[PDB]
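Participant: Following this message is one structure expressed as structure tokens.
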Amino acid sequence: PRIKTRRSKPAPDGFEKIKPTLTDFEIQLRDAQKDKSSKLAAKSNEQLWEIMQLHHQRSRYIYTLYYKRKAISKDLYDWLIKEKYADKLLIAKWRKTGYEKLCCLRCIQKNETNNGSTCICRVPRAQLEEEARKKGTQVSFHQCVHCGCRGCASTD
Amino acid sequence: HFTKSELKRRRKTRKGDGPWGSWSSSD
Amino acid sequence: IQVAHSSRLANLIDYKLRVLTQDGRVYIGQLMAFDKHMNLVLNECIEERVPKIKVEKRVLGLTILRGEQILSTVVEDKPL
Amino acid sequence: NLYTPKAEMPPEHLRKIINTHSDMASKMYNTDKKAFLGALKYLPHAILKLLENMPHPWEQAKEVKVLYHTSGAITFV
RNA sequence: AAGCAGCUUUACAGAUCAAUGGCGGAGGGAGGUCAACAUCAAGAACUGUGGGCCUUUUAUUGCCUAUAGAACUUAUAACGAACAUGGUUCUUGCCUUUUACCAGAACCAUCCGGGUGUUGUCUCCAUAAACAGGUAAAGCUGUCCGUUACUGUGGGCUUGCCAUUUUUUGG
Ligand SMILES: [Zn+2]
Ligand SMILES: [Zn+2]
Ligand SMILES: [Zn+2]
């Protein structure tokens, strides 16, 4: 996350209760930052998908404790927002309707795809199965590229 | 087209939990 | 010939006023300035005298009127 | 007008990209290596973007925004 | 500037619970190291609308007037209270040829940036805003909805006040 400095405030009360989960996410990021053997290209991109998964689960955990379960106060949530434990924008898209479950910020931007549309992971799995049935083949999509989410629309 | 209860009893069928739950259906 | 629920002379400014005077003269025309003494400075003043019938009509223009010579003022209609 | 603004990414993703470009011996880096030779004519701009955002003596470390290429070629503060 | 009269306002006590008429509403506020389009070197210099006047056919020029607006920089003139670099040409230096240069000019440029307007998107906070026509844009308009158009309490002031010659207390 962000380093602990003099200008950064100390944490509000309740943060030591949630330190083991954030510390587990921290040490898994410490393991996932190091380069592996990583010779292939299809398995080079998976070790970025693990880090996108860890960042997504950390922000999902903070979102779950603040908005869903209402255990963390506004002071501690704003401190976890200042110290970059979770993105403002991912939590903000999770506040929206239709983007409750979401992979990452990259897969809802129409600015980065070649077609001017969103990413294929925002299509529901049932819609992909409907087009697979209408074409006759199987669902020819398994793992999204920016992040490794199989399907991340709000239904599925 | 699936009903909402069918979406509930199909989004449990993905093996992991979260967006990274696999739809691959090995077993 | 109409009016609203007016309270005093200042809210009805610039209107087509008929002005009655002590000397048997009626000044018709619009207004531009008043005073405490009801000193009307009439905008397009037309003086009406009745020699003993026929209304002797006179073009004046912008005239400062001294208030003691005035009897009472009549509001006719809108300007312009 | 369609414009969703720029995606703030985790720092660990950038850090993993920079760590995977220390070997640079596979075939897969070929176009990525092309990117490195293309990023030299955008290298010195980034040097200015470091040295403008150079941390002053009254501050410890200045957590700064930064663009990184997908291949981790060039890192513009 | 105490008060009263008047006008206006919201909280209202009130007449209809009508047809009216004002105001407000006919899809919000704060922003963001968000981007997109304009626009930023000049008759001290800018546009909108309208009329009129001149070509040999009233077309692209150019003036005189009428009003409504000119955001952004500008006078020890300039978007930036800061300041680099490159090209061409000329004139100097170092010289041993060029690059790399010394350092002045002239004419150009290139980079780090910046302002303002509008549009859009994003974040946070909230929440009769109903229907119909269009443009490049808006309650632009039509239907329409709240306080409410006829008194009194409570606030504000745009006012006046607290007979003896020239005005309002008599020819
Ligand atoms: Zn996704
Ligand atoms: Zn994604
Ligand atoms: Zn995706």
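We name chains A, B, ... following the order of the structure tokens; residues begin at 1 in each chain, and ligands are numbered from 1 as shown.
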Please give me, as a list in words, the residues lying within 10 Å of ligand 1 when counting only C-alpha atoms (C1' of nucleotides) and all ligand atoms.

Facilitator: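 Written in the requested form, the residues are residues 101, 102, 103, 104, 105, 106, 107, 108, 118, 119, 120, 121, 122, 123, 143, 144, 145, 146, 147, 148, 149, 150, 151, 152 and 153 of chain A; 19 and 20 of chain B.
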
Participant: What's the 8 Å shell around residue C:39, counting only C-alpha atoms (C1' of nucleotides), without same-chain residues fewer than 5 positions away, as a ChimeraX atom specification?

Facilitator: /C:33-34,64-67

Participant: Pick out the chain D residues within 7 Å of chain A. Count only C-alpha atoms. Give them as a PyMOL selection string.

Facilitator: chain D and resi 3-4+7+10+12-13+15-16+19-20+26+28

Participant: Pick out each residue of stretch 15-79 of chain C that DSSP on the backbone tags as strand (DSSP E); I need them as an MDAnalysis selection string.

Facilitator: chainID C and resid 17:21 25:29 31:33 41:49 56:64 70:75

Participant: Taking only stretch 22-136 of chain A into account, list the residues labelled alpha helix (DSSP H) by DSSP (computed from the backbone), as an MDAnalysis selection string.

Facilitator: chainID A and resid 22:33 46:63 74:82 88:95 125:135

Participant: Would you mind listing what lies within 7 Å of stretch 69-83 of chain E as a ChimeraX atom specification, with only C-alpha atoms (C1' of nucleotides) counted and same-chain residues fewer than 6 positions away left out?

Facilitator: /E:40,46,114-117

Participant: For N, CA, C and O atoms (P, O5', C5', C4', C3', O3' and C1' of nucleotides), I'd like the residues from the last selection saved as a PDB file, in the first residue's frame.

Facilitator:
```
ATOM      1  P     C E  40      -7.168  32.854 -31.553  1.00  0.00           P
ATOM      2  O5'   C E  40      -6.233  33.437 -30.411  1.00  0.00           O
ATOM      3  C5'   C E  40      -6.642  34.578 -29.681  1.00  0.00           C
ATOM      4  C4'   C E  40      -5.936  34.672 -28.358  1.00  0.00           C
ATOM      5  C3'   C E  40      -4.434  34.485 -28.394  1.00  0.00           C
ATOM      6  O3'   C E  40      -3.748  35.634 -28.849  1.00  0.00           O
ATOM      7  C1'   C E  40      -5.352  33.278 -26.578  1.00  0.00           C
ATOM      8  P     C E  46     -11.156  45.125 -33.184  1.00  0.00           P
ATOM      9  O5'   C E  46     -11.187  44.044 -32.017  1.00  0.00           O
ATOM     10  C5'   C E  46     -10.776  42.704 -32.248  1.00  0.00           C
ATOM     11  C4'   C E  46     -11.826  41.729 -31.794  1.00  0.00           C
ATOM     12  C3'   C E  46     -13.095  41.702 -32.626  1.00  0.00           C
ATOM     13  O3'   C E  46     -12.971  40.944 -33.814  1.00  0.00           O
ATOM     14  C1'   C E  46     -13.655  41.776 -30.332  1.00  0.00           C
ATOM     15  P     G E 114      -0.453  22.939 -17.424  1.00  0.00           P
ATOM     16  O5'   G E 114      -0.835  24.478 -17.420  1.00  0.00           O
ATOM     17  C5'   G E 114      -0.360  25.342 -16.406  1.00  0.00           C
ATOM     18  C4'   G E 114      -0.706  26.769 -16.725  1.00  0.00           C
ATOM     19  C3'   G E 114      -2.163  27.021 -17.037  1.00  0.00           C
ATOM     20  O3'   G E 114      -2.985  27.068 -15.892  1.00  0.00           O
ATOM     21  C1'   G E 114      -0.858  28.079 -18.658  1.00  0.00           C
ATOM     22  P     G E 115      -4.495  26.544 -15.990  1.00  0.00           P
ATOM     23  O5'   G E 115      -5.309  27.859 -16.338  1.00  0.00           O
ATOM     24  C5'   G E 115      -4.976  29.086 -15.713  1.00  0.00           C
ATOM     25  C4'   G E 115      -5.465  30.258 -16.514  1.00  0.00           C
ATOM     26  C3'   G E 115      -6.916  30.197 -16.929  1.00  0.00           C
ATOM     27  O3'   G E 115      -7.796  30.524 -15.870  1.00  0.00           O
ATOM     28  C1'   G E 115      -5.609  30.909 -18.754  1.00  0.00           C
ATOM     29  P     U E 116      -9.049  29.576 -15.550  1.00  0.00           P
ATOM     30  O5'   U E 116     -10.193  30.166 -16.478  1.00  0.00           O
ATOM     31  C5'   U E 116     -10.341  31.567 -16.636  1.00  0.00           C
ATOM     32  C4'   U E 116     -11.096  31.881 -17.894  1.00  0.00           C
ATOM     33  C3'   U E 116     -12.263  30.963 -18.177  1.00  0.00           C
ATOM     34  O3'   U E 116     -13.416  31.276 -17.420  1.00  0.00           O
ATOM     35  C1'   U E 116     -11.003  31.262 -20.151  1.00  0.00           C
ATOM     36  P     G E 117     -14.448  30.109 -17.038  1.00  0.00           P
ATOM     37  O5'   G E 117     -15.313  29.927 -18.362  1.00  0.00           O
ATOM     38  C5'   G E 117     -16.024  31.024 -18.911  1.00  0.00           C
ATOM     39  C4'   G E 117     -16.536  30.723 -20.294  1.00  0.00           C
ATOM     40  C3'   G E 117     -17.273  29.413 -20.459  1.00  0.00           C
ATOM     41  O3'   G E 117     -18.589  29.438 -19.945  1.00  0.00           O
ATOM     42  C1'   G E 117     -15.778  29.677 -22.246  1.00  0.00           C
TER      43        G E 117
END
```

Participant: Identify, on the basis of only C-alpha atoms (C1' of nucleotides), every residue whose closest approach to residue C:77 does not exceed 8 Å; exclude the query and any residue fewer than 4 positions from it along the same chain; express the result as a ChimeraX atom specification.

Facilitator: /C:1-3,15-16
